[PDB]
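The structure appears right after this line, and notes come after that.
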Amino acid sequence: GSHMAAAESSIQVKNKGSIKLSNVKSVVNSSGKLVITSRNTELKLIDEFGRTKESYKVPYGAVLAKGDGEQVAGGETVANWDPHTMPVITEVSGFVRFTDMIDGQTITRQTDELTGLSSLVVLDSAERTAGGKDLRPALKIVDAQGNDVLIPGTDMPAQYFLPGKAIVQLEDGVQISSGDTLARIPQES
């Protein structure tokens with residue numbers, strides 16, 4: 001509903017009808033989630049007559065519960081996303097390969113008191129030592145043989161530099177598929 005705080009980072013369609021997406025670019029990640037890879041995607045609810053009744057802006061990285069044109073009922077949630085974070089998504093499949101990710105110099109491990117799980121977090125300029133000031137932490141994507149994977153149709157090996165405070169979701173050597181979130185960038189409080 002709208003009584004919840006979650007309604008802020010999700011789209012619970014109001015009436016029954018069909019979903020109409022425009023300027024949408026998507027990809028299925030290894031979690032079987034349909035991920036929005038465009039920055040200008042808008043989601044509309046179309047009634048039985050082809051008329052628009054609802055219109056929403058969908059953020060980059062949001063997961064779509066259903067593809068374009070799918071039918072839906074009122075109250076149903078069709079899109080979900082992290083509102084306090086910004087995702088860095090890989091465009092290609094392969095394996096994650098750390099470069100310039102050094103503990104105490106460019107990254108540090110932060111544990112969640114409650115769940116005991118942990119994440120590597122990139123240190124911002126300040127938090128960085130002198131020796132690590134000039135390094136540029138990044139996630140390079142390589143294949144099974146350890147060779148580079150090029151960004152679709154170029155000579156640009158896929159490498160994703162990480163900004164300070166970014167929270168790493170996939171660590172060294174982990175297998176990934178296009179669409180997977182490599183890291184999440186926290187907001188300024």
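Residues in the structure tokens are numbered from 1 in each chain, the chains being A, B, ... in the order shown, and ligands are numbered from 1 in the order shown.
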
Quick one: residues within 6 Å of region 37-47 of chain A, only C-alpha atoms counted, chain neighbours fewer than 5 positions away excluded, as a ChimeraX atom specification? /A:17-26,52-58,60-61

Please produce a file of the residues just selected, as a PDB file, in the first residue's frame, where the atoms kept are C-alpha atoms.
ATOM      1  CA  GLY A  17      -4.457  -3.558 -16.946  1.00  0.00           C
ATOM      2  CA  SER A  18      -1.225  -4.095 -18.849  1.00  0.00           C
ATOM      3  CA  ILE A  19       2.316  -2.753 -18.417  1.00  0.00           C
ATOM      4  CA  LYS A  20       3.753  -0.512 -21.130  1.00  0.00           C
ATOM      5  CA  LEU A  21       7.471   0.296 -20.957  1.00  0.00           C
ATOM      6  CA  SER A  22       9.166   2.913 -23.126  1.00  0.00           C
ATOM      7  CA  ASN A  23      12.861   3.606 -23.732  1.00  0.00           C
ATOM      8  CA  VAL A  24      13.621   0.421 -21.873  1.00  0.00           C
ATOM      9  CA  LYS A  25      16.859  -1.527 -21.980  1.00  0.00           C
ATOM     10  CA  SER A  26      16.990  -4.664 -19.877  1.00  0.00           C
ATOM     11  CA  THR A  52      -2.759   5.341 -19.892  1.00  0.00           C
ATOM     12  CA  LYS A  53      -3.985   5.549 -16.302  1.00  0.00           C
ATOM     13  CA  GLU A  54      -0.698   5.516 -14.399  1.00  0.00           C
ATOM     14  CA  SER A  55       2.835   6.606 -15.245  1.00  0.00           C
ATOM     15  CA  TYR A  56       6.035   6.073 -13.278  1.00  0.00           C
ATOM     16  CA  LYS A  57       9.729   6.759 -13.660  1.00  0.00           C
ATOM     17  CA  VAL A  58      11.783   3.610 -13.175  1.00  0.00           C
ATOM     18  CA  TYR A  60      18.460   2.391 -13.482  1.00  0.00           C
ATOM     19  CA  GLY A  61      19.042  -1.059 -11.976  1.00  0.00           C
TER      20      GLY A  61
END

Could you list, as an MDAnalysis selection string, every residue within 12 Å of residue 32 (chain A), counting only C-alpha atoms and ignoring same-chain residues fewer than 6 positions away? chainID A and resid 63:66 177:180

Write the residues of the selection above to a file with N, CA and C atoms, as a compact mmCIF listing (two decimals), in the first residue's frame.
# COMPACT_ATOMS: atom_id res chain seq x y z
N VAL A 63 14.55 -3.89 -10.70
CA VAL A 63 14.17 -5.21 -11.14
C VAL A 63 12.71 -5.11 -11.61
N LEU A 64 12.41 -5.68 -12.77
CA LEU A 64 11.05 -5.67 -13.30
C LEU A 64 10.45 -7.03 -13.01
N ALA A 65 9.28 -7.04 -12.38
CA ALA A 65 8.62 -8.30 -12.05
C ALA A 65 8.10 -8.95 -13.33
N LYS A 66 7.72 -8.12 -14.30
CA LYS A 66 7.19 -8.61 -15.56
C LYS A 66 7.70 -7.77 -16.70
N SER A 177 27.20 -12.87 -14.49
CA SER A 177 26.49 -12.81 -15.74
C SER A 177 26.16 -11.36 -16.00
N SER A 178 26.02 -10.99 -17.26
CA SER A 178 25.67 -9.62 -17.60
C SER A 178 24.43 -9.27 -16.79
N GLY A 179 24.36 -8.05 -16.28
CA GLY A 179 23.20 -7.67 -15.50
C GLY A 179 23.41 -7.76 -14.00
N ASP A 180 24.44 -8.48 -13.56
CA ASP A 180 24.74 -8.61 -12.14
C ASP A 180 25.31 -7.32 -11.58

Just asking: which residues within region 6-187 of chain A are helix (DSSP H, G or I) according to DSSP, as an MDAnalysis selection string? chainID A and resid 6:9

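Among the candidates A:114, A:101, A:151, A:89, the one nearest to residue 138 (chain A) when counting only C-alpha atoms is A:101.
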
According to DSSP computed on the backbone, where in chain A is there strand (DSSP E)? Give the residues as a PyMOL selection string. chain A and resi 10-12+17-22+26-28+34-36+42-46+52-57+63-64+71-72+77-80+85-89+94-99+107-111+118-122+138-142+159-161+167-168+175-176+181-186

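With only C-alpha atoms as the atoms that count, the minimum distance from residue 7 (chain A) to the choices A:71, A:80, A:99, A:29 is reached by A:80.
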
Measure the distance from CA of residue 157 (chain A) to CA of residue 140 (chain A) in Å and round it to one decimal. 7.9 Å

Close residues, residue 133 (chain A) itself excluded, 12 Å, only C-alpha atoms, min 3 positions apart in chain, as an NGL selection string: :A and (100 or 102 or 104-107 or 123-130 or 136-137 or 164)
